[PDB]
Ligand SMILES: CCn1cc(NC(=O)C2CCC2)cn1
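There is one chain below, alone, in structure tokens, taken in the form deposited without this ligand.
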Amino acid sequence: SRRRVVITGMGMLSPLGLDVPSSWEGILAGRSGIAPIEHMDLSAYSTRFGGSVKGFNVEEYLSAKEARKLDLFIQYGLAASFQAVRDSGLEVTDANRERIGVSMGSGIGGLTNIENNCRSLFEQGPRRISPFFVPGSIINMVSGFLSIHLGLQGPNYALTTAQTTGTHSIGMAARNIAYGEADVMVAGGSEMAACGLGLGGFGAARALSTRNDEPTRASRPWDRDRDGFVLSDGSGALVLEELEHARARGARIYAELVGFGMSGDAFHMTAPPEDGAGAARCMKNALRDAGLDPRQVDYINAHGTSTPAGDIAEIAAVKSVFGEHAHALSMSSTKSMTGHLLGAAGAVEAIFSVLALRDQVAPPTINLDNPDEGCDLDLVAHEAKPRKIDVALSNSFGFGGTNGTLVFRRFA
């Protein structure tokens, strides 16, 4: 029968910091993590900025010898996973190793590594492709490497659902624990798509903000002058744990995961429906899964990507689900500060939702100078808002019309 699931550990790399507390300080201070990209020459690209992880030292986590073999998305995923496991206090033993699994996902995975090995192949020949190309690039290897390093013998898998990946990974890992397939899961996502193919590929679709001359103001969810998403790098990991398991070991519990929804739009490969029908269906599924009155929802961490169609679809979805209560909750997009971590977005935003519950504060939507037509909810413009938050909801939507909602609440 269905068991309860709590959050006992969190870890993060973001454009605002190399761990959770540092990232969260930047979130509450309204700081932007967005800057011109330094790691490559983007003069031929229409977008030349994004949210880089600054000053990451992989030798805080792994030997230089093994790090050299791994794409940055794997390095970031392992860093966030190690932080979350350490933060949990959990001890892996022969007695519990078969009951601890991992589900760390990615939207695109090791695009930097694949681009670099493609360069080798085309300029030199296949004899210059790294022997570590496959295990160092494919998406499941965050889960794989984490399991090898910590001895986790529970369910070992990875989701790839584009910009919904982090939310789906956390939700499905919670279901694993709920249904008794595991007692503990490390779950979240990681992304590092800032290579030529990433910036060039989103750029060819004209999906990215082109505000090169003012990167910190580029990400402006629900602002009338928004012109697309800002591409960002990093990782989020959570340690999810069965309630009675967490209670038995005296774990510090941050919050309870009470609800998870998934819905397909079945609308369009890349565009969200204007009325937010898929996001509404997904949130309704998550609220019914959590056994909630929608009026219990105090805070929504929006997907809020700073796209014309995405941002207004989300307002439509929230008004349709919450009716008059839409005017009482607070909804914000931390992508205003972090940009869009793609497969990692739902993972870092799940952590931000849990911290909104811990600290009783709604993170701001920075850059919301001129709210667009119909964008008339409390979107927490400019400044963090202290308020009562018993229930927080984190939304993600992605290519393929794939939707996820997580519902968290305070645990006493």
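Numbers for residues come from their place in the sequence shown, where the first is 1.
Form solved in complex with this ligand: not shown, discussed below.
- Within 4.5 Å of any heavy atom of this ligand in the deposited bound form lies no heavy atom of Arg249.
- In the deposited bound form, this ligand stays beyond 4.5 Å of every heavy atom belonging to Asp41.
- When contacts are judged by a 4.5 Å heavy atom cut-off, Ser143 does not count as touching this ligand in the deposited bound form.
- Residue contact check for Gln75: none of its heavy atoms lie within 4.5 Å of this ligand in the deposited bound form.
- Checking 26 to 34, 371 to 379, 346 to 354, 56 to 64 against this ligand in the deposited bound form, the stretch whose residues place heavy atoms within 4.5 Å of it is 56 to 64.
- Against this ligand in the deposited bound form, the set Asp359, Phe408 and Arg410 makes no contact: no member has a heavy atom within 4.5 Å.
- Residues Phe82, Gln83, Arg86 are the ones in 76 to 102 with at least one heavy atom within 4.5 Å of this ligand in the deposited bound form, listed in sequence order.
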